[PDB]
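Protein chains in written order, with the deposited numbering: chain B, 2 to 316; chain C, 2 to 316; chain A, 2 to 316; chain F, 2 to 316; chain E, 2 to 316; chain D, 2 to 316. To start, the structure under review is shown below, and the notes come after it.
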Ligand SMILES: [Ca+2]
Ligand SMILES: [Ca+2]
Ligand SMILES: [Ca+2]
Ligand SMILES: [Ca+2]
Ligand SMILES: [Ca+2]
Ligand SMILES: [Ca+2]
Ligand SMILES: [Ca+2]
Ligand SMILES: [Ca+2]
Ligand SMILES: [Ca+2]
Ligand SMILES: [Ca+2]
Ligand SMILES: [Ca+2]
Ligand SMILES: [Ca+2]
Ligand SMILES: [Ca+2]
Ligand SMILES: [Ca+2]
Ligand SMILES: [Ca+2]
Ligand SMILES: [Ca+2]
Ligand SMILES: [Ca+2]
Ligand SMILES: [Ca+2]
Ligand SMILES: [Ca+2]
Ligand SMILES: [Ca+2]
Ligand SMILES: [Ca+2]
Ligand SMILES: [Ca+2]
Ligand SMILES: [Ca+2]
Ligand SMILES: [Ca+2]
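As structure tokens, this is what we get:
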């Protein structure tokens with residue numbers, strides 16, 4: 002079964018939890034252990050009900066309160082947990098795009114791994130938060146082959162109900178072959194077109210047909226025929242169709258690798274997947290990497306930052 | 002029974018009414034007695050149907066036609082009567098905030114005396130008429146304890162289905178006591194939090210428990226522990242819980258007291274409550290004040306302004 | 002039966018059609034015969050499915066690809082066929098109003114010949130496309146009696162469910178008579194008022210009553226009492242009530258008259274009536290004018306423009 | 002000499018005056034006598050320097066502080082006195098137009114009595130404050146002959162350097178005569194045209210030429226040929242050309258007449274002419290009305306409101 | 002000498018002219034002969050003074066009055082002549098871009114034949130009229146090589162003070178040769194780079210160096226190496242450097258060729274060059290075409306449209 | 002002397018540098034060594050000249066070209082170097098406030114260390130880039146004492162021309178003493194008010210008077226009477242007045258401390274002070290820290306990022 006690590010607190014009362022957070026912040030200092038405990042043990046919908054009771058009881062929004070009480074990564078991870086899911090991704094896209102430079106990788110994690118219905122919700126929430134239109138913003142901040150793949154992803158046009166038909170999986174696998182390996186350059190239109198429109202079941206069957214004609218896997222073929230941003234965008238889709246839990250277990254491992262941490266990725270994957278398949282992502286992490294995801298966080302992170310994260314994650 | 006003073010015209014024809022109003026304004030002069038009569042004897046829903054036939058028969062809006070034929074308080078009262086009810090309060094709020102100064106008292110009349118579903122409607126009609134967000138605009142034009150009470154009010158978060166439970170009514174009455182009378186200062190958070198979230202039946206029970214532990218009523222305690230705008234904000238909620246008809250009979254009485262009139266209060270309350278509980282507000286007014294509301298208006302107001310008001314109100 | 006000239010392609014595949022249009026523009030040149038054929042033999046809803054698949058396969062919009070491959074009227078007509086129908090009218094309006102001058106005649110064709118629900122959709126699509134409000138925009142770009150008829154039109158307030166009542170048809174016929182013929186001036190309010198509010202069935206009955214009291218038809222009386230823009234605005238309503246097909250067969254004939262063509266009218270009527278009643282407009286054209294519609298276009302137009310138009314029209 | 006009643010404080014220090022206001026609001030209560038004293042004995046440019054130092058010393062704007070400490074008419078007058086002069090009128094216009102109704106009379110006081118240069122500054126300050134265009138807003142909120150008079154005033158196109166030429170003063174006086182008195186109706190275009198473009202010296206000479214061809218004055222001729230808003234509009238210009246001080250002495254007298262006060266007018270004229278010609282408006286008031294301006298305000302107004310107003314006006 | 006065909010009316014009075022136009026439109030009908038006369042015999046700056054007096058005398062804008070009195074091409078030409086010159090061109094770009102399709106040719110006439118300082122003004126007038134940014138809009142409505150040449154044009158970065166240096170003219174001519182003729186493809190960056198940055202004196206020198214190394218002129222080389230929009234974009238710059246008057250005499254000739262007229266071009270070139278170099282364009286027309294520009298218009302055009310146009314042009 | 006580490010390239014040609022950057026990116030790969038070289042050895046105004054020529058030569062902006070060729074921290078440091086100086090800071094503010102959380106420290110680095118003139122430019126560049134108002138944005142994203150210190154900073158109201166007057170330096174040092182050390186609480190208004198308004202020379206004199214009355218330095222008293230955000234806000238002003246170069250040397254040292262780097266601080270301070278006083282900040286770094294700033298970067302950083310940063314810094 003695919004499930005996340007956060008489950009709704011049983012015998013929840015938003016009034017009482019709003020009043021416990023007010024008490025945790027009252028006076029000088031803050032009781033972070035209380036804040037961490039409430040946020041990390043209520044589901045996102047319960048956190049949204051705590052938030053309406055806090056503003057009705059107190060006249061101030063819980064968000065504004067935390068930004069004055071908290072700092073740095075604990076503030077960011079806490080604040081992430083109160084964002085309605087769709088909005089959080091909508092906001093993470095914004096951050097990737099409108100800074101100095103681009104988090105190319107944040108855009109791939111969010112647009113390339115998504116269903117049609119999720120793309121339609123991330124597009125809506127961005128419009129609502131930012132008044133601008135995301136495809137118009139993606140087209141302003143990206144160019145070339147990469148831009149084109151993210152414009153495809155924003156349409157929500159995959160033929161998700163297309164059935165596995167092996168004669169066609171074979172026609173497409175051959176088509177991709179001629180585009181890549183079968184010629185000197187690469188016709189990128191054919192990579193983008195097939196990986197953007199075919200259902201995920203039908204894409205699986207293509208990948209298998211491709212290994213019977215070629216002596217490289219489709220991953221190897223993209224890895225050789227493509228460079229940079231579009232190479233990582235197209236491999237994200239291949240990894241999503243083959244095994245989504247491994248894609249994120251990978252992206253998480255890389256956040257924690259070497260010196261320091263890429264907390265931005267860490268907060269983003271842990272928080273977004275927490276109520277969808279963070280349980281599965283954890284078993285795939287362990288199997289691929291030796292250590293547990295818990296152990297990994299426990300070593301790379303510190304303070305309350307580390308605690309909040311380790312209570313979302315669980316052992 | 003709680004009822005207003007304006008009941009829908011039986012055998013109403015908006016085409017014929019639209020035609021009458023054009024005839025009452027044609028030429029030099031205006032036939033005010035005819036405008037007064039159609040506007041005051043039609044319910045607001047009928048006046049909205051008159052409004053659509055006027056613009057489709059004559060290609061100009063009835064409002065624009067009135068602003069030319071009328072002046073001063075008769076124009077203001079006549080135009081008040083044509084506004085959709087939600088829009089009229091959203092518009093009164095705009096006028097209280099975005100002038101020279103603040104009509105602190107219009108903002109309390111509209112936000113502190115409302116149910117969750119009416120707050121939600123006044124908020125939406127505002128965003129529609131003004132493109133801005135009311136909670137954002139109240140936060141720009143107010144400060145401190147009063148701003149927080151109006152931010153609580155705009156959430157629509159009262160637990161209106163909360164049942165009378167005496168043990169709790171008793172625990173909150175005790176908590177309000179310590180926050181006020183039982184200490185030198187005043188913890189205002191406690192006052193704001195209890196009056197803003199409990200249901201009105203549970204609040205009634207609290208006020209009763211408070212008098213058994215204090216020798217003062219909750220109104221006296223507020224009157225003493227608080228000043229200015231928040232003192233008035235908080236007593237509007239207590240007065241709405243105990244007797245809403247008396248709150249408004251009071252506010253009307255003060256509009257008409259002394260020299261001149263506060264027509265802005267007078268038009269706003271008469272017109273908003275005309276199809277809700279103006280009958281009951283009229284009986285409480287006489288009971289509290291000696292004179293009838295009819296008689297009060299007849300003395301303080303003049304011309305056609307006086308007649309339009311006296312026809313909405315009735316004897 | 003009333004029916005247009007374009008019927009949905011049976012065994013339609015949007016993925017394959019998108020692919021064929023990419024193949025038709027690939028390289029230097031364009032294969033216009035291929036574009037003409039896909040556009041002219043798919044219904045507008047099928048063209049919208051081809052659009053979503055083109056953008057998901059290729060990551061560029063079919064519109065942007067045609068603007069670069071095509072030019073002049075073939076670009077205009079091809080692009081007109083791809084617009085969602087409501088949008089295409091909201092766009093036409095924009096073009097009439099906001100240039101050097103006014104295409105007075107576009108505004109009448111679109112606003113004066115429409116049902117309540119169609120007026121409400123054109124109004125919506127305009128607000129969506131252009132963020133401004135259409136009635137605010139028609140009031141900025143028109144004045145006087147004309148402005149007033151087009152504001153009436155924009156209210157969607159015709160009493161479409163008004164039943165044929167001869168006694169009343171007779172009272173209004175007589176009212177229009179006094180306003181016009183029965184007096185030196187013209188009371189325009191009465192011509193506007195009756196033509197804007199009465200159902201089309203009840204209007205038919207009035208035109209009949211009018212010929213029994215007058216020796217002139219309502220057309221001749223409008224033709225004489227009125228000038229210019231409003232004279233053409235009021236005759237568009239009468240012609241729509243008596244015979245809509247003839248209104249357009251007329252408009253079309255005039256587009257193709259003399260030296261050159263008014264392609265802007267030609268593309269607009271052909272394309273908006275193609276799936277509603279272009280077949281009926283074509284019979285009425287022949288009947289009124291001797292030659293066929295097909296024959297007329299075939300003579301006044303050229304290139305691929307002419308072929309596209311001839312395929313949408315049929316023989 | 003023409004001069005106002007408010008002169009710059011000699012040995013002014015904005016830092017000290019900012020600190021004195023902070024001390025007058027500190028704590029419970031407010032020391033209104035101290036706020037009245039600084040605001041009323043500092044010229045408007047000194048008040049703006051007090052405003053910058055308050056916000057740099059305490060990090061809150063002075064305005065926000067006074068809205069919390071003050072109420073009603075004292076809040077409104079104290080806040081009027083802190084507005085930059087051009088912004089105060091741009092705001093007074095906004096208030097006259099976008100409420101329930103129109104203060105027809107505020108609009109004429111501001112737009113009909115002004116020079117080209119002032120109109121151009123009220124226009125600019127409005128667009129700044131409100132992002133909208135004043136002419137576009139006057140055209141939305143007014144109709145007909147009055148709207149045209151107000152659009153004329155907003156152009157800033159009076160030929161102010163036009164010299165007195167009696168042959169033409171005579172030609173125009175005659176033209177005005179034929180437009181009005183010399184015919185049954187009124188050609189308003191001629192009244193509008195000559196009163197809006199000719200210089201004020203040349204206009205004076207015209208009024209004189211008129212009385213030699215008519216037995217009525219131009220005032221009487223306007224008074225009879227015109228009604229309502231445009232009659233008051235055109236009389237404002239005539240009284241501004243003949244005697245501007247008397248125009249305001251009149252409007253002030255009427256603000257204070259009868260029961261109550263029209264404080265809105267009262268604050269508006271006293272505060273806007275305080276540094277221009279409130280000295281002269283005061284002599285003309287006494288001379289026309291018997292009592293002093295000071296004496297009038299002292300009877301019609303109360304509290305601290307009356308004190309502020311009595312310090313701006315002087316004896 | 003380079004000069005236009007409209008010269009400022011000597012003994013011009015804007016008040017008297019504004020009055021003459023009101024008289025021309027008063028009543029039923031319009032006196033087009035009078036409007037044609039004032040418009041065509043006043044310079045553009047005088048027309049802007051007539052425009053302010055008309056609005057200050059009558060309270061309505063001249064433009065709005067002409068849209069109600071006029072129709073079709075006379076309305077368009079008479080309104081073109083009242084537009085401030087910069088605005089006219091910003092408005093023409095808007096009309097080329099934001100309709101159904103693109104007038105690719107309007108964009109090249111305006112952007113590819115301009116100085117740095119004129120581009121800078123057309124950019125400014127667009128942002129002013131439209132609130133949007135012209136480069137942003139040109140990037141939305143165009144793609145590819147063409148887009149890139151128009152984004153170059155909009156920078157205003159031509160090195161206008163660069164001096165004729167034959168060694169470099171020779172070096173660039175050589176560079177263009179290799180880009181084009183000297184290879185199978187075309188490196189377009191090299192054509193775009195040299196024709197967009199070098200001064201017009203230097204460019205002339207290059208064209209001359211080019212003919213000594215090639216056997217084709219740079220025109221023939223562009224004509225062969227390029228296609229469509231970019232081919233005409235690049236040839237507009239070469240024809241502006243060699244002879245601007247011939248570029249427009251050609252554009253004008255094609256507006257009038259065949260059946261009908263392209264009035265849109267005809268009004269646009271005649272009105273924009275009328276005070277710059279229409280007299281030169283007229284001598285080049287005759288020289289190149291046989292007939293006079295006057296005689297051409299006289300045959301292709303009609304009504305008052307034809308007259309207005311023949312007055313602007315002269316014999 | 003106070004000077005930065007980047008000096009204008011002598012014999013600079015923007016056309017040739019723009020061509021060099023095109024060649025460095027052409028094809029697959031990028032020649033980062035060339036890009037680093039031009040960006041790091043041209044002053045910012047020279048970089049703006051390169052930018053205009055790149056877009057006029059190639060029709061695409063240099064920023065868009067780098068985002069596609071670069072990645073990570075080299076992208077951000079390269080793009081940082083191309084921003085107009087005022088825009089860069091206005092962009093840094095935006096990134097500090099509008100993400101998940103607040104970079105409290107970037108806001109103090111920027112707003113608390115600036116002159117009046119600099120604050121006024123950051124305010125303008127923000128409004129321009131972001132259409133919003135910075136003060137309004139700081140007031141949205143910050144609360145309490147901190148917000149008030151940053152609102153004071155945004156006023157540009159420091160009396161920079163205030164002269165050192167020992168009697169007053171002593172009066173204020175004693176006021177700060179009673180506000181802090183001389184009482185249990187802290188009156189923060191007094192710390193805010195003296196630090197925000199007095200000139201930097203007068204402030205130095207105050208700090209000296211304070212140590213004669215107290216036994217602790219003003220830094221120790223702030224360190225003890227204050228907490229968090231406002232403690233760091235007030236200490237940045239005290240460090241700015243005493244020694245600006247040490248404030249930054251301190252901030253840089255902390256960016257590079259421990260595991261990882263805070264690149265965002267590193268790029269921000271290196272880039273902003275490069276042409277102002279990076280030479281002095283480097284001497285103060287060595288003196289305070291043992292190692293050179295060069296040596297520090299060279300250890301904490303890698304790749305091309307490290308090279309770019311080491312070339313802007315110098316040895
Ligand atoms: Ca705390
Ligand atoms: Ca914080
Ligand atoms: Ca290959
Ligand atoms: Ca690590
Ligand atoms: Ca009337
Ligand atoms: Ca009115
Ligand atoms: Ca107490
Ligand atoms: Ca009274
Ligand atoms: Ca092609
Ligand atoms: Ca095209
Ligand atoms: Ca008649
Ligand atoms: Ca024809
Ligand atoms: Ca106080
Ligand atoms: Ca107040
Ligand atoms: Ca008369
Ligand atoms: Ca009075
Ligand atoms: Ca006319
Ligand atoms: Ca027209
Ligand atoms: Ca070639
Ligand atoms: Ca022709
Ligand atoms: Ca490259
Ligand atoms: Ca990148
Ligand atoms: Ca202390
Ligand atoms: Ca480090």
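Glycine is no exception: its CB is placed at the ideal position from the N, C-alpha and C atoms.
Where the alpha helix (DSSP H) through residue 95 (chain E) begins and ends: By one-based count along the fifth chain, residue 95 (chain E) stands at place 94. Taken as a continuous stretch (DSSP letters only), the alpha helix (DSSP H) holding residue 95 (chain E) covers 86 to 98.
Contact with chain F by residue 152 (chain D), beta-carbon distance below 8 angstroms: Residue numbering aside, residue 152 (chain D) sits at position 151 when the sixth chain is read from its first letter. Closer than 8 angstroms to some Cβ of chain F, the Cβ of residue 152 (chain D) qualifies, so yes.
Cβ distance (whole Å) where residue 152 (chain D) is taken to contact residue 304 (chain F) below 8 angstroms: On the sixth chain, position 151 is the one that residue 152 (chain D) refers to. On the fourth chain, position 303 is the one that residue 304 (chain F) refers to. About 32 angstroms; that fails the 8 angstroms criterion.
Burial state of residue 272 (chain B) (16 or more Cβ within 10 Å): Looking up residue 272 (chain B) in the first chain gives position 271. Residue 272 (chain B) comes out buried.
Cβ-heavy atom distance, residue 69 (chain F) to ligand 14, below 7 angstroms: As a position in the fourth chain, residue 69 (chain F) is number 68, starting the count at 1. Yes, since a heavy atom of ligand 14 falls inside the 7 angstroms radius drawn around the Cβ of residue 69 (chain F).
Chain-ordered chain D contacts of residue 193 (chain E) [CB-CB under 8 angstroms]: Residue 193 (chain E) sits at position 192 when you count from the first residue of the fifth chain. Here the neighbours are 58, 59 and 60.
8 angstroms contact criterion, which residue 39 (chain E) and residue 18 (chain E) should meet: CB distance rounded: Residue mapping note: residue 39 (chain E) aligns to position 38 of the fifth chain, counting from 1. Residue mapping note: residue 18 (chain E) aligns to position 17 of the fifth chain, counting from 1. Confirmed, Cβ separation roughly 6 angstroms.
Residue 54 (chain E) classed as buried or exposed, judged by whether at least 16 other C-beta atoms fall within 10 angstroms: On the fifth chain, position 53 is the one that residue 54 (chain E) refers to. So residue 54 (chain E) ends up on the buried side.
Cross-chain neighbours of residue 54 (chain F) in chain D, by beta carbon under 8 angstroms: Position 53 of the fourth chain holds residue 54 (chain F). Here the neighbours are 158 and 198.
Beta-bridge pairing of residue 102 (chain F) - partner residues as DSSP gives them: To locate residue 102 (chain F), count along the fourth chain from 1; it is residue 101. In the DSSP output, where bridge partners are listed per residue, residue 102 (chain F) has F:100.
Whether residue 231 (chain E) touches residue 146 (chain E) by CB criterion (8 angstroms): Position 230 of the fifth chain, counting from 1, holds the residue named residue 231 (chain E). Position 145 of the fifth chain, counting from 1, holds the residue named residue 146 (chain E). Yes; because the gap between Cβ atoms is below 8 angstroms, this pair is in contact.
Contacting residues, own chain, Cβ-Cβ under 6 angstroms from residue 202 (chain F) (five flanking each side not counted): The residue you call residue 202 (chain F) lines up with position 201 of the fourth chain. Excluding sequence neighbours, residue 202 (chain F) sits near 165.
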